[PDB]
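Below is one structure, written out as C-alpha cells, with a few remarks after it.
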Amino acid sequence: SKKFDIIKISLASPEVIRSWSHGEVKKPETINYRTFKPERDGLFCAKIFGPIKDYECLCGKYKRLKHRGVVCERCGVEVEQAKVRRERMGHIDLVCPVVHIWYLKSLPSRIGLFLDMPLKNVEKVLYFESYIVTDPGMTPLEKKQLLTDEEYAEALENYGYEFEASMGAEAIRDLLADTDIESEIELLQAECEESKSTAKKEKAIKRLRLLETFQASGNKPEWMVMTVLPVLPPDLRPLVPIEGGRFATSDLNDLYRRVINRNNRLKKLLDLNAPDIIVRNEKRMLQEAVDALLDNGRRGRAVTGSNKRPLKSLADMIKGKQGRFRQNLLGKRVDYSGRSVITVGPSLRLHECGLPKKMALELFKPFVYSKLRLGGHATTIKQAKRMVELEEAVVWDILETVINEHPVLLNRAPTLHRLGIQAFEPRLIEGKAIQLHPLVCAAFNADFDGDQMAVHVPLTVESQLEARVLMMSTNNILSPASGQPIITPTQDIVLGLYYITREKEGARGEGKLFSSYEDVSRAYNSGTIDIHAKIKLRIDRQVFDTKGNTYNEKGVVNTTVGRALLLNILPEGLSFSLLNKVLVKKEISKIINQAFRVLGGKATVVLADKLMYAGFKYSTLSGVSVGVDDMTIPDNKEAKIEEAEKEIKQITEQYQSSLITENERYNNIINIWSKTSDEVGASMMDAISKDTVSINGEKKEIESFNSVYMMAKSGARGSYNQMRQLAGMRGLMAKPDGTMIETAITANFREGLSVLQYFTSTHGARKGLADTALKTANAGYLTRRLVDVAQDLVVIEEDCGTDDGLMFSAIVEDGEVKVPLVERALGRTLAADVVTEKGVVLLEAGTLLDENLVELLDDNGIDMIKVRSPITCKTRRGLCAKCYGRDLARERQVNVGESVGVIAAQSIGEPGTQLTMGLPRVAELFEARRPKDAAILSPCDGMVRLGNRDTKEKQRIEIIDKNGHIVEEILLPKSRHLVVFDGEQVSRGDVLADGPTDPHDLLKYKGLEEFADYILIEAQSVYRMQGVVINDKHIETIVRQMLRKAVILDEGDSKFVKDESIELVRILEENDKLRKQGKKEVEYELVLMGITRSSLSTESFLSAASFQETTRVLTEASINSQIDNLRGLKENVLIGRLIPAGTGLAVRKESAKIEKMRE
Amino acid sequence: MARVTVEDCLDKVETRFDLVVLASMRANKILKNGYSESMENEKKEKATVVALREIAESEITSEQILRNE
Amino acid sequence: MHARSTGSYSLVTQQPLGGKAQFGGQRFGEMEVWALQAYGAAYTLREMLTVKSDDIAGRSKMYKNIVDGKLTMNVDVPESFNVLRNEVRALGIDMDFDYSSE
DNA sequence: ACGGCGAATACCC
DNA sequence: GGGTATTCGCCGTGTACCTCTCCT
RNA sequence: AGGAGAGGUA
Ligand SMILES: [Mg+2]
Ligand SMILES: [Zn+2]
Ligand SMILES: [Zn+2]
C-alpha cells in the first residue's frame, strides 16, 4: 500500500550479497597522497561507489546534467548525483571462507548446535589447532572426531587416502553444507518421544527446535560461513580533512585495510604453492581480521589503534547507550530550538511565559521573512534576510504579531513525567532569561537557583492545535498519578493567605458590621481597623452542592477582616465556608479541588491566579522576616541535659562493676539520649507556639505570631525536626554503617556546634549526599524498563463485555485500616452487583463509581466489592475504557486512544528518587525474582504424612490412601521445618514450609487472583511508607504485561509445553471454534515473567533490539527470518510515522467516516 | 488562552483528540482559501483559533459538516 | 542563551550539530519522547523526528513552505534509519522493507 | 565493582 | 543415568548542558 | 568534522 507494511530480517546468501555490490575492492588504498582524489580500485573508488561531485565524472569529460545516464570511457565513473555514495556498496571476494563470529559466539552458538559439538571443539577446528573427519569413508573412523595434526598420521602406513579430513572454515562449511536435516529430525524425534525428561531430554530438545527452523524459511545453514564480504558505502565511514594537512579517518577503514592486506597476501601465497605450515598461519590471520571487522572483543583481546584505544567495529555502531538505536533514532537533535536561564516573572497568567526578543527572533525567523515579504517591506528574500540582521524597527512589531497566538513548549532537564513538557503563550520581554509563572514550577520541579530550560516551536497547524488542546498548561491541573492538584500555591503565597486569615481576640475595630467586600476594603484602606479583627459580614450567594442543586447562602456570619477581603475572588458556586478558616496549605488545595469538581477548568485557573496575587501582596505588606530571636531556646534545656548526664554517669557506674555488658554501654545510653532529645524538642514548641498577654487582667496564653512558627504551621516551609535542630538539640548522629554514636550533640545551630560535635555530623551528611547521586541511576534504569514493558498498551475500545475482576477491600496492616475501601474503589467500575446484608442491592454491575456513589458503600456497611480490573480485561493487544476506569487527570472516564502504558510507567518511576531505605524491593517485585529459600507449597490434597532416611531428601507421604491409592511425594533439605504438622488435610496451595512468598508458587497453585492481590498490596506498602500516592490502577496495567505468555497443555497446531504468546494461542483456539468444531481447542497455563524478559520476548525484533541485548536479538531474528508488523509505539518512531495512539488513532477513525460518506 | 476555551468545545466534540483532528481540517480549509497576503496582515486572527472558535459557537461548521468531501 | 532556527548538519547521520559553539540544536531525548507519547501528541512527535532533524528532503520543503506560506508534508523516512539498515547489512544480515499481501 | 542470569562440567544419589 | 553444585562468562548500570587542551 | 581526558551546572 504505497509504502512498506512490514520489515523482515533474513540471512544473506553469497548470491545476494554480490547483488548489493557494484564492484570489487582489491587494494587497501583510500585516497591520493597529494591530490584529493580517490584511487583506482580502493576503499573510496569512484567507478564502484559513485561520483564525488554532482552530475560530473571524475576526469571531467561529462560535467553537466545534459548527460543523465552516461558512463565514461576514460574513467569507469558514472555521471550522476553524488548522493549515491551514501547508498552504493561494493564487495570483497574472499579466497578463504571465514565463519561469521555472531553465529559462533552469541551464546548459544547456532553453529555448535547444528552439529552438536561443544564450541570448545569448534573453536579448535576453526582457528587451526585440530582436525575433523568430514568423511570417515570406508575407513573405520567416526565423522565429527578431532584428529590431532600429529595423530593425523595414526595409520598413515595403513589408512592413507580414500577419505576426507581438513581443518579451518572449509571443514565446518563442508560439515554444514552436507548434513541431512530431515534425517536428523527423523532420528531426533525418535529420541525425544521418550518422555524421560531428566537430563538428556532437555539438551536434545533445543537441537530440533533449531533444525526445524532451517527447513521452514529457506536459509541454508552453510550461509553462516561467509565466502564474500560486503563493504559499507564510503560516505558512512567518511574521510573529512583536519586542520593542517591531515585526516581524522575512521576505524572502519583501518579494519577494512587490515582485511584486504591479508586477503591479497594469502592469495599470492596460495599461488606460489608456499608451504602449508605458513599458509595455515595466514588463514588463521585472515579469520581474526574479519572477526575484528565484525566486532573486536568477542574472541580477540583488544585489537587496538593508534591512541592505545580499541577500534570500533560494525557491531558497536548499532549497540549500547551510544549506538544507533539510542542516541540517533529515539534521539534526534532538532531545529527551531533554544535554551536559556529561567527567572520568576510573577505578573503572568497561568498560560503565559516570558520569551526574550533575541531568542524569539532566531526561533521565528522564516515566519518573519514571509511576513516581511508579504506586507511590502522586501521584494526578494535576500533583502528581508538582510533587514533581519540589522534589526530594524519594522521588524520588532512584525515579530510581535507573528508570535501572537503561536504557542511554544518548554521542557526541563530530566523529563520525569509528562508534566515536564507544557505549552505556553509567549510574550516578548527584554533581557536574556525566560520568565516562568510561579505556579507551574512544582510540575517542572524547577526553582530559580540556576536551572535552565529548552524552547521548541511547533511548526504545523496539526501540531499548533495539539499544543493548545492537549499540552497547554491550563489543561494540566491535576496529577495523572493521583487526582490531586498541581497548581496549589506553595511557599510565600501560602504564608500571606495564612497570615491574613488568622485572628486576634482583642483587636482594633472588633465587632463592627459590614455589608459587602467594598465596605471591608474601604474601611481597611484607611488604617483604622486591623486585619485580624473579628467582624460580622452579610453574605448572599448561590452554592452548588454534591447532587448539583443550587441553594442560597444568606445571613450574617462571624468572620475576620482578612477572610472577608478574600471574598472578592471566590466565584459563584462556592460557599464562603471555604474561606472562613485559617487557610493552611491543605485547605487551599481543598479550595482548588472543589473549584475544579463543581465549576470546571477556567474557573479554577482564574481562582488560582487570584489566590496567587493576594498571597504575594499580603505577605509583602506584612513585612514578615526572620531574626535570631525567633529561634527561642527553652528554659528547661540545661536541666534536662544535666539530668540525662547524671543518668549516663550512673549507667557507666553500673558497667564498671561488671553488672551489664552491651546495655551498660549501649542501647541504654542511646535511649537516655533519644528520650531527652524529644523532651527538649517538646519544650521548644511550648515556647515558639504559645505567647502571653496580660493587659486587662488578661494573663493567659495565646497562639503566637512568631515568624519561625508561622512558617511551619502554615505548611509553607519547614518541619518539626528541622525546627528542632535550630533551637532544641541535634541529638544522636550516625556513623555510616548505621550505628549510633554514643555521645549526642547537646547543642543546636543557634548556640553553635563545637568542632568535635561538628565533625561527627559530617559522616551522615556525606553519606546522604553520596546516596543521592548514586541512586538516580537505579531509578532511571527501573523507569526505562517499565516504559519498555508497558509501552504499547493503549485504550482502544469502549467495552470488552467481560464480567470478571478482583475483590477489593481495605488494605489493613493486621492492626488497623491504613486505607479505606473508599478512595480505593473511587473511579473503578463494578463487575458484580453490590447487594447489601439484608438482601436488597444498591448499585448494579457496570456503574462507574464516583464521589456521589462511594458514600453508599460506607453508609450501608459494605466492605468488599468486585471491580473491573485491567489484569482481567478481555481485549487483545489493548485495553478497554470500562476496565481502566477514570482518567485521574480529567476526573472522567478514559477516552479511546489514551496511552495508559507510558502514563503508568512514568508514575511508578517518577517518585523513584524518593524511596531507597525501598527501591530494591519494587525491583525484586517487578522482576519476579524467585527469592532465596522461599517455601514449598502443596500440589495435591489428601492427608499429611512424611518419610525420610536422613539423606537430606525428606520425602512426602501426602498420599492419604484412605479413599484408595495415591501418589503424592516430594523432597526437601533435612535442615528445614515443614510447616504442615505430622498430620493434616491440606489441599491445593497449602504451605509445607515457611519463608518468603514465591510469586511463581502463587500463580499455578492459587490462580491469578491471589497473585494479583499479593503484588498489588506489596507494591503499595512500599510507596505508602514514604507518603507517595500512586493509584493502584497503574500497577495493574503493568502486571498485565507480566502475564502474557502461557505454557501449552493440549495441542491443535503447535508443539507441547513450549511457551506461547496468549494473543497467538487465543486466535487459533478461535479458528478451531470455527474450523472444525472446537477441535480440542488448546488448553494452557499462565506463567509469570519479569519486566525485562517480557520485553525481550516481544514479538517485535525492532522493539527488543532498541531495548538491550541487540546482537543476541538480531542473530535469532535473522535465523528465524522473523517479520515485524510495525504495530507499536516504539516501532513507529524509528521509521517516522504516526504512533497508533492519541491523535494517530483518531485521524484513522475520523477518516474512515469520509470514504463511507463518499459512497 | 484569551477568548477561546477548550472547555467550550468539549461540549460539541469527543475525546479531546477528535477536537484536534476536526479543528485541523477546518483550519486547513480556511488556509487553503486565501485568508491573507492582500490586505489584513495585522487585522485578523490565526486560522488555528478561528477554526477552534467556530466549534465552540456552533458557528459556520459542526462536526458533521466539517467534511466537504 | 543560544537559539537556533536552521544551521548546518552532521555528515553521517545528517542531524543538526550540537553545542552552541557551532550552532547547536537541542537534544529531544528519549525521556522527552515518552512525554509526547503520554499526551497522545502524534503530529508533534512525527515532525520532531522527521521534518525537523533528518528528513533531508523534508527540511528543504518545510523551509520553502514556511517562507512562502503553504502547507504540504511528506515524511519519507528519517535518513538515520537508512544509515542503520545499511550497516546492519554490512554484517551478513538482510533487513528490508516489504508489502504484506499475506 | 556489583548483580543477576545462564550454559558447563564435576561430584554424589 | 540422574541431579545437584559449583564455575565461569555475558550483559547491565539516569537526562540535558558548558569549558579547556590534545589527537587525527 | 570526530573522538579522548579533565573539570563544572541543574
Ligand atoms: Mg534548581
Ligand atoms: Zn570520465
Ligand atoms: Zn475490559
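Quick reminder, even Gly has a Cβ in these numbers, built from the backbone with ideal geometry, and neighbours come from all protein chains shown. All of the numbers you see were taken from the coordinates with simple rules; none came from a lab.
Note on chain A: helix-only mean residue ellipticity at 222 nm, from DSSP H runs of 4+ residues weighted -39500 (n - 2.57) and normalised by residue number, equals -9000 deg cm²/dmol.
Among the GluC sites (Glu not before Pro) within segment A:345-414, those in coil by DSSP and having at most 11 neighbouring Cβ atoms inside 10 Å are A:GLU391.
Shape analysis of the protein assembly as shown based on the Cα gyration tensor places the equivalent ellipsoid semi-axes at 62, 47, 34 Å, largest first.
A DSSP coil position with no more than 16 other Cβ atoms inside 10 Å describes the following GluC sites (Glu not before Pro) in segment A:652-740: A:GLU662, A:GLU698, A:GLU701.
Shape class of chain B from the alpha-carbon gyration tensor: oblate, with a/c at 1.5 or above and b/c at least as large as a/b.
The residue list B:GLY34, B:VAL20, B:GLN64 was ranked by how far each Cα lies along the charge dipole of chain B toward its positive end, using unit charges on Cβ atoms, and B:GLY34 comes out on top.
The label-point distance for A:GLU797 and A:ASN264, in a model that sets each label 7 Å from Cα toward Cβ, rounds to 6.5 nm. Approximating the spin labels as points 7 Å out from Cα along Cα→Cβ, the A:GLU553-to-A:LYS27 distance works out to 9.4 nm. Within segment A:200-264, the GluC sites (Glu not before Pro) that combine a DSSP coil assignment with at most 10 other C-beta atoms in a 10 angstrom radius are A:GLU243. Contact order, relative form, for chain B: 43 percent (alpha carbon pairs under 8 Å, 6 or more residues apart, mean separation divided by residue count).
Computed about its Cα centre, the charge dipole of the protein assembly as shown is approximately 5280 debye, with only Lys, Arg, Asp and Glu carrying charge at their Cβ. Amide H contacts for A:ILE429 (H built 1.01 Å from N in the peptide plane; partners 5 or more residues away or on another chain; cut-off under 5 Å): A:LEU355, A:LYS357.
Quote the charge dipole size of chain B about the Cα centre in Debye, to the nearest 20; the model charges only the Cβ of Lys and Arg (+1) and of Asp and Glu (-1).
The dipole of chain B has a size of about 220 debye.
Scanning residues 5 or more positions from A:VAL334 or on other chains, those with amide H under 5 Å from its amide H are C:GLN26, C:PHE28, with H placed 1.01 Å from N in the peptide plane. Spatial offset of segment A:341-407 relative to segment A:427-503 amounts to 23 Å, using the alpha carbon center of each.
What number do you get for chain C when its Cα radius of gyration is normalised by 2.2 N^0.38 Å, N = residues?
The reported ratio for this selection is 1.25.
Compared with the dominant principal axis of the Cα atoms in chain B, helix B:47-56 is inclined by about 40°. Scanning residues 5 or more positions from C:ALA3 or on other chains, those with amide H under 5 Å from its amide H are A:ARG339, with H placed 1.01 Å from N in the peptide plane.
Could you put A:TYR131, A:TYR152, A:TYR161 in order, starting from the residue whose Cβ has the fewest other Cβ atoms within 10 Å?
The fewest-first ordering by Cβ neighbours comes to A:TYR161, A:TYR152, A:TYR131.
Distance from the C-alpha centroid of segment A:1023-1063 to that of segment A:568-582: 48 Å, rounded to the whole angstrom.
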